[PDB]
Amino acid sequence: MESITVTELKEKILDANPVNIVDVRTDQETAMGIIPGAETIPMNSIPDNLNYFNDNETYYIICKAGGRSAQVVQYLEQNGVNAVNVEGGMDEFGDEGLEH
């Protein structure tokens, strides 16, 4: 499985194009704020939303703590999707600069 740190993810903002981020937390959690540009698809619904993922692209998956997102990454890869886990989750990403 592939993974990157939150520090690495933030520095990605300084790159040419924005990366694809998928926030798999639940509704009330995302209600507290999300990373600008992130798509919200709860983990439980990932199996029914495979059509969202473009096979030619890569998706960075984030959750509250980093474990559940890793589970989603493995699931996605085993279904032909390119995914990377964001280590530490939103806990480590922090509550600064989020979209409310």
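The first residue of the sequence shown is number 1, and the count goes up from there.
Here 69 to 77 and 50 to 58 are compared by their mean Cα B-factor, and 50 to 58 comes out higher. Among the modelled residues of the chain, residue 14 sits in the highest third by CA temperature factor in this PDB entry. When the CA B factors of the chain's modelled residues are split into thirds, the value for residue 20 lands in the highest one. In the deposited entry, the Cα temperature factor of residue 45 places it in the middle third of its chain's modelled residues.
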